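To start, the structure itself, in C-alpha cells.
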Amino acid sequence: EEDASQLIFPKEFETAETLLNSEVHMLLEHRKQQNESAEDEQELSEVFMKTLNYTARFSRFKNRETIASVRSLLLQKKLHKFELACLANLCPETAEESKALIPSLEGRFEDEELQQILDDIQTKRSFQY
Amino acid sequence: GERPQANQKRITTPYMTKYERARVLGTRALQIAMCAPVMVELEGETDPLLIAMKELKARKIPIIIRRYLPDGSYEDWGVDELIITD
Amino acid sequence: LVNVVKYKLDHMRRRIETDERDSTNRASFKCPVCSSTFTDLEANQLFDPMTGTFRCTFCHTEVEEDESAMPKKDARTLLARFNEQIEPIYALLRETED
Amino acid sequence: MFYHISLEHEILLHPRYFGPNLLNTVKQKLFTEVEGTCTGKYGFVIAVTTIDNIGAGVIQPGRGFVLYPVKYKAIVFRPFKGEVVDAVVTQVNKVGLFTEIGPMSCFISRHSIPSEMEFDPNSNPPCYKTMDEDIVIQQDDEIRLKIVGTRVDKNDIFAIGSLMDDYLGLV
Amino acid sequence: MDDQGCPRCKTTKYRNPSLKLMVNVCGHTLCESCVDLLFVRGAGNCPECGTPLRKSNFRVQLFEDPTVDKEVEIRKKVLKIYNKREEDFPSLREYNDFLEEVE
Ligand SMILES: [Zn+2]
Ligand SMILES: [Zn+2]
Ligand SMILES: [Zn+2]
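Structural data, given as C-alpha cells:
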C-alpha cells in the first residue's frame, strides 16, 4: 500500500522529482506560446485550458529563478521529496502550521530552526501580481 | 550495442535469400495497398504484387533486414547491401 | 486440557472481531428498482445537478440505502455490545482458571 | 502530487501519414494521444516536456501499422494516501460534499462534516453555513481537504477526502 | 477501568486487559481503538465539547496510568506554567508563606 503520512512510497515513486503549481504553469505557458506565434493547423482542447487556469488559480510565484530558490532551502535538512513540495507549494506561514500538514514532520528537528527556514519562503512569496 | 554487431565483422555473404525475398515482396505489397507513397515512378499499373516487384529491382525500398542470430545477438542488412537472386 | 480450553478462547474472541471488521467496510448505496449494489466511489458520476439527488446508470431511478443490517453509524453499537455479553457468562469460568 | 519522470509508450502511425519529415509527423501525433489520459502506474499525463530519444520502426506481420518506441518525459499526477491539497467545490448535496481537484474528482462524506455546518435546504443555493453564519462554503469556493483513499479508473481517478480536519475552510 | 466510560467504540476494554490507552490536552482518556476509529470517521474532536487534535499529542501507554481523573490533571497543570514559577518567586520571597498559595 501507499501512505503519504508515513512516507510509504513504492519503488517507482521513491526518488521522483516533485513539481508545484507555478512550475507546471510555467511549462504549460510555453505550450501556449507555440499556439499563438505558430498555430500550425491543429487545435488543442478544453482540457488544456482548464488545466492551465487551475494552476494559475493556486499559483503564488512568478519568476523562474525564484521558484528554484524555495526548493533549495527545504532540502539541506533531514526531510523528504514529498515533504519538500508540501512546504514550497502551499507556502506555510507559522512554524506550527508546517507540522499540522505533515504528520512525519513533528518527529524531526525542533521548531527553533524551522522558523528561520520559513523566513526565506515568505520573503520570496509574491503577495501581489 | 551489446547485441547488434553488424558494423564490425559480418559472416554471412551479402546476398538475398529466398526467404527474405518473400517477406519484402509481401510486406511492401501490403503497405502500398494501404495508400503508401511510391518510392519509384509509376508508369500505369494497379497490381499491388507488381508495384512491390518493380521497387525491388530499383533497390529503393526503405527497409532494413534484422537477422536475429540464434545465440542471442542480431545483425542488420540493407537492400543495397543484398543482391537479389533469380 | 488446560491449554486446549485457552486455545479455543483466543479464536472465539477473534472470530467476532474479524466478522465485525469485515462487515463495516462494504457499501452504502443500492437502487430499490433495479437492485444494484453501488459503492461510495461512484457518487461523482451518479449525481444529477438538475435535481439535487442521485440516480442510476442505465435508468433514471432514485436510490436509497443498502439494506439496513450491517453495522452502520448507529447499528454498530447494537452488534458491538454483543461481544461484551460473553464476559458475564464466562467470568465464573475465567476467574477460576486465572 | 505533480511529478516529472520518464515515460515510454508504443505509438502506432498510419502508413499513409508519412509526409516529408517523418520525425515531425510522429511528434505531432504524440501530443494528440498520450495527453489527457491516465494510467494506474504513471498517472494523469498532462503535457510532454522535451522529447528524449526516438526508436526505429518495428514492423510486425498481420499489422500494417508502424511502431516507433518513442521515449520522452511527461508530467504525471498520482495522489497518495495522506496528501493535503486544495479543492474547488462543484456541487453541494445533503448526502455529501462534491469537490474536484483539477481533472480529479473528490468526495466528502456526511460523517466527515462538523455538526455546525449543517445543510440548509431552505435557500435555493446549497451551502454549508454555521449556526451563527460565520463562514459560508458554497459552489465555486477554495477549500482544503485531506486525501483518505485513492482509486484509478480509465482517466477520471477517484480520491475520497475528509473535512472534519482542522485548519481548513476558506483559505 | 470500565467505570470511566469509552467514547466511540465503547467495546474495547472488555476485549483485552493489556490495552494501550492514550491521553490528550483538554483532559480525557481515549484508548488506541478510538484513535483509528475516529480518524476514519472524522478527525480529532472532543467527544464532549470541541477540542482540536492536530499534532501527535497522544501519550501511548499500556500500564493504565490515568487511574483517577483528579490526580492526573494536577500533574499536567504544574508542569506547564507553574513549573517555571519555581525560580522567579525565590528571587523575591524571604519566608515559607507564599509557597502555600501555589499548592
Ligand atoms: Zn437503478
Ligand atoms: Zn475505546
Ligand atoms: Zn472536552
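Protein chains in written order, with full-length UniProt numbering: chain A, 14 to 142; chain B, 42 to 127; chain C, 99 to 196; chain D, 1 to 171; chain E, 1 to 103.
Just so it is clear, CB atoms sit at the ideal spot from N, CA and C, and this is done for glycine as well.
Which residues have their C-beta within less than 6 angstroms of a heavy atom of ligand 1, listed in chain order?
C:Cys129, C:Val131, C:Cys132, C:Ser134, C:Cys154, C:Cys157, C:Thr159
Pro114 of chain D CB to nearest chain C CB: under 9 angstroms?
no
List the residues of chain D whose Cβ lies closer than 8 angstroms to the Cβ of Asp138 of chain C, in chain order.
Within chain D, the residues whose beta carbon sits less than 8 angstroms from that of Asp138 of chain C are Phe107, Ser109, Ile160, listed in sequence order.
Which term fits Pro78 of chain B, buried or exposed, when burial requires 16 or more other beta carbons within 10 angstroms of its beta carbon?
exposed
Can you grab the Cα-Cα spacing for the pair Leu103 of chain A / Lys112 of chain A, in whole Å?
13 angstroms
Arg151 of chain D: contacting residues in chain F (beta-carbon distance under 8 angstroms)
Looking for chain F here will not work: the only protein chains present are A, B, C, D and E.
Is the beta carbon of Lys20 of chain E within less than 8 angstroms of some heavy atom of ligand 2?
no
Anyone know if the C-beta pair for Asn45 of chain E and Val25 of chain E falls short of 9 angstroms?
Contact flag unset, no.
Segment contact flag, the stretch 75 to 87 of chain D with the stretch 134 to 150 of chain D, C-beta cutoff 8 angstroms, min 3 pairs
yes
When you compare the CB of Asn142 of chain C with every CB in chain E, is at least one pair closer than 9 angstroms?
no
How long is the line joining the alpha carbons of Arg174 of chain C and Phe156 of chain C, rounded to whole angstroms?
Between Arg174 of chain C and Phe156 of chain C, the C-alpha separation is close to 33 angstroms.
Along the chain, where does the beta strand (DSSP E) containing residue 25 of chain B start, and where does it finish?
The structure shown has nothing for residue 25 of chain B, since chain B only spans 42 to 127.
Along the stretch 15 to 32 of chain D, where does the CB come closer than 9 angstroms to a CB of chain A? Name the residues.
Under the 9 angstroms Cβ criterion, the stretch 15 to 32 of chain D contributes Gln28, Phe31, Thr32.
Nearest to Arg44 of chain A (by Cα), restricted to the options A:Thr31, A:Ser139, A:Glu54, A:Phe61
A:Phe61
According to DSSP, simplified to helix, strand and coil, what is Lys154 of chain D?
coil
Output, in chain order, the set of chain D residues within a Cβ distance shorter than 7 angstroms of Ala17 of chain A.
Ordered by position in chain D, the residues that pass the 7 angstroms Cβ test against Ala17 of chain A are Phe80, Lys81, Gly82, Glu83.
Per-residue DSSP class, three states only, for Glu118 of chain D:
strand
Under a Cβ-count criterion, where at least 16 other Cβ atoms within 10 Å of its own Cβ denotes burial, should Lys13 of chain E be classed as buried or exposed?
buried
Around the Cβ of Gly161 of chain D, are there at least 16 other Cβ atoms within 10 angstroms (buried) or fewer (exposed)?
buried
For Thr194 of chain C, would you say it is in contact with chain E, using Cβ-to-Cβ distances shorter than 9 angstroms as the test?
Not closer than 9 angstroms to any Cβ of chain E, the Cβ of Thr194 of chain C fails to qualify, so no.
Tell me, which residues are paired with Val58 of chain D by DSSP?
Paired residue(s): D:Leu67.
Of the residues that make up the stretch 118 to 134 of chain D, which ones have a beta carbon closer than 9 angstroms to any beta carbon in chain E?
none
Given a cut-off of 9 angstroms, decide if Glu142 of chain D and residue 172 of chain D are closer than it, judged by their beta-carbon atoms.
Look at the range of chain D in this structure, 1 to 171, and you will see that residue 172 of chain D is not part of it.
DSSP state of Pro169 of chain C mapped onto helix, strand, coil
coil
Length-filtered (4 minimum) alpha helix (DSSP H) runs lying within the stretch 65 to 117 of chain B:
Listed in chain order, they are 89 to 98.
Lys80 of chain E to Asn155 of chain D span [Cα, whole Å]:
53 angstroms
Provide the residue span of the alpha helix (DSSP H) that contains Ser85 of chain A, from first to last.
77 to 86
Got a sec: is the Cβ-Cβ distance from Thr151 of chain C to anything in chain D below 9 angstroms?
yes
Start and end of the beta strand (DSSP E) containing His43 of chain A?
DSSP places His43 of chain A outside any beta strand (DSSP E); the residue lies instead in the alpha helix (DSSP H), whose first and last residues are 34 to 49.
Would you list the residues sitting across from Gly149 of chain D in a DSSP beta bridge?
D:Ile160
Per DSSP, the bridge partner or partners of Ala108 of chain A
The partner list for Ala108 of chain A (beta bridge, DSSP) is empty, contrary to what the question assumes.
Which residues of chain D have a Cβ atom closer than 8 angstroms to the Cβ of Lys171 of chain C, listed in chain order?
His111
At a threshold of 8 angstroms, does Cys9 of chain E count as lining ligand 2 (C-beta to nearest heavy atom)?
yes
Can you pull the chain E neighbours of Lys112 of chain A, defined as C-beta to C-beta under 7 angstroms?
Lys55
Could you list which residues in chain C have their beta carbon closer than 9 angstroms to that of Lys10 of chain E, in chain order?
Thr175, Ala178, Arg179, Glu182
Taking 7 angstroms as the limit between beta carbons, can you name the residues of its chain near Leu90 of chain B, skipping five residues before and five after?
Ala70
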